[PDB]
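Okay, so here's the structure we're looking at.
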Amino acid sequence: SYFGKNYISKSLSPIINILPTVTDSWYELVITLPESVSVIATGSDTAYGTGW
Amino acid sequence: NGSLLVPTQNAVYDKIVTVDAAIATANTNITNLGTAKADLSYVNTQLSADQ
Numbered sequence: 155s156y157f158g159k160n161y162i163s164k165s166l167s168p169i170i171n172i173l174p175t176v177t178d179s180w181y182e183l184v185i186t187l188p189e190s191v192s193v194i195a196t197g198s199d200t201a202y203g204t205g206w
Numbered sequence: 207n208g209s210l211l212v213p214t215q216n217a218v219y220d221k222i223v224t225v226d227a228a229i230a231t232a233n234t235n236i237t238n239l240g241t242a243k244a245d246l247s248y249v250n251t252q253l254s255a256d257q
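This is the structure in structure tokens:
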């Protein structure tokens with residue numbers, strides 16, 4: 155577990171100090187939820203600039 | 207098409223980038239076409255001179 159997400163290591167060899175965010179060594183199973191339940195999308199309107 | 211989901215910033219940004227790349231490619235095609243492909247005035251003048 156890492157920042158509220160679950161990452162499954164997929165490297166065939168031991169990995170140490172490799173963050174769960176790296177897609178090469180981790181899977182990051184996207185949390186399946188009841189899609190019928192209308193989960194609200196909190197949208198931070200923070201005027202971005204098309205380079206971020 | 208049917209997607210009750212929420213679009214990520216990265217997917218939208220990448221699609222925007224490739225759309226802009228396609229638009230720029232079309233614009234450059236128009237640029238290198240007009241200057242080297244399409245012409246009516248001087249062609250008509252040379253045709254009239256030949257006639």
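Chains as they are written, first to last, in PDB author numbering: chain n, 155 to 206; chain o, 207 to 257.
The C-beta atom is built at its ideal place from N, Cα and C for all residues, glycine as well.
Any residues in the region 182-206 of chain n with a beta carbon nearer than 8 Å to a beta carbon of chain o? Which ones, in chain order? 189, 195, 202, 204, 206
Using a 10 Å radius around the Cβ and a threshold of 16 neighbouring Cβ atoms, would you call residue 180(n) buried or exposed? buried
Using DSSP with H/G/I as helix, E/B as strand and the rest coil, what is residue 247(o)? helix
Can you give me the C-alpha to C-alpha distance between residue 209(o) and residue 177(n), rounded to a whole angstrom? 24 Å
Could you tell me which chain n residues have their CB closer than 7 Å to the CB of residue 212(o), listed as they occur along the chain? 195
Look at the Cβ atom of residue 202(n), then the Cβ atom of residue 174(n), and state whether they are nearer than 7 Å. no
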